[PDB]
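With the sequence shown counted from 1, adding 5 to any position gets you UniProt numbering.
We put the CB at the ideal spot given by N, CA and C, even for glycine.
To keep things clear, I will list the structure first and then write my remarks on it.
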Amino acid sequence: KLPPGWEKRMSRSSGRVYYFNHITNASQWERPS
Numbered sequence: 006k007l008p009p010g011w012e013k014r015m016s017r018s019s020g021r022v023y024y025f026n027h028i029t030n031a032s033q034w035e036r037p038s
């Protein structure tokens with residue numbers, strides 16, 4: 006379970022997974038917590 010606001014996404018450029026927070030609009034490569 007991700008913390009509130011976070012989504013797991015996929016990069017259309019590299020095929021890598023990343024994480025996006027739609028509350029803060031932050032994105033990062035590493036899984037949050």
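For residue i, the nearest candidate out of the options (CA to CA)
| i | options | result |
| --- | --- | --- |
| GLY10 | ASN26, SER19, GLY20 | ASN26 |
Host beta strand (DSSP E) of residue i (start-end)
| i | result |
| --- | --- |
| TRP11 | 11-15 |
Pairwise C-alpha distance: residue j and residue i
| i | j | result |
| --- | --- | --- |
| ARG36 | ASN30 | 15 angstroms |
| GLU12 | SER32 | 9 angstroms |
| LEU7 | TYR24 | 10 angstroms |
| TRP34 | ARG17 | 14 angstroms |
Beta-ladder partner(s) of residue i, from DSSP
| i | result |
| --- | --- |
| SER32 | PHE25 |
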